[PDB]
Structure formats: C-alpha cells, structure tokens
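Below, in structure tokens: the form deposited in one PDB entry, a single chain.
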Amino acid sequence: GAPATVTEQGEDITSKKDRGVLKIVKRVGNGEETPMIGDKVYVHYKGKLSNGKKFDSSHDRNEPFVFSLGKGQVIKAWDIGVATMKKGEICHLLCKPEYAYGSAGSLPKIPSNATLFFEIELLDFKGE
C-alpha cells in the first residue's frame, strides 16, 4: 500500500538523515515556491496510525486546517514536511515516533512509539 511505497521509494527530508520523515509526491503542485517559517498554511489531509486502528481526515472539519509553519503548532514531521511542499501539491509522509509523539505517545489515541502516515494537500500559504 501507500506506506510501503514511501518506505521503499520515499525521500528522507530530515536534517539528520535518519529516515524519520519520508516523503513521496503524489501530485505535483504549482510554481516553485515552498513556505517559509512563519507562513500561514492551509491544508487538507488524512492520516492514520501505521499499524492499524485510528484514522483522521480534515474533510470531517467545519473549517479549513490552518497553522503557522515552523512554529510548533503541529508535530515536527509536519513542520519539516509541509515546508517542502508547493501550492497544490499532494504528498505522502511517513513519520517515525521521534518526529511525532515519541515514547510518550498521546494516550489513549496515539500509542507509545507510533509511526504515522499522512496524505497532505497544500491548498495555499500566506505571509505573516
């Protein structure tokens, strides 16, 4: 499935090159620009625990998914990953626990040492 493709073909976009965040572009976006730290970003996404039993999607939201990039409003994997995206791009992102919830987890929703998988579409981004 999609996660297996990311493991075997994904790009390691981590600074440490530890394979903690692996990416595949599924749909190429527009232009060349990718967001800067402090930019407000607008996304649609869906996500899951790698090993089963919990699934999330922005399509269930009343309002669009918005956050300021690089400001620790989301897990590390997203601050790293969404920063690499172009407007319109859709990517798959596989996120090891060190870039997500760690050994602590976020119980009872997210267990200890969970790997997460996301499909992310960057709708737009704007300056601060």
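Take the two forms, find the largest set of C-alpha atoms that superpose within 1.5 Å, and that set is the rigid core. Residues carry their position along the shown sequence, with the first being 1.
- Here the stretch with the larger average CA B-factor, out of 93-101 and 61-69, is 61-69.
- Between the residues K54, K76, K26, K46, it is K54 that shows the highest Cα B-factor in the PDB record.
- Sort the modelled residues of the chain by CA B factor and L107 lands in the highest third.
- For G81, the recorded CA B-factor ranks within the lowest third of the chain. Only modelled residues enter the ranking.
- Ranked by Cα temperature factor within the chain, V6 sits in the middle third according to the deposited record.
- In this PDB entry, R19 carries a Cα temperature factor that places it within the lowest third of its chain's modelled residues.
Below: the form deposited in another entry, not depicted.
- With the core held fixed, the Cα of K54 is displaced between this form and the one not shown by 2 Å or more.
- Residue displacement note: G72 has its CA displaced by under 2 Å between this form and the one not shown (rigid core superposed).
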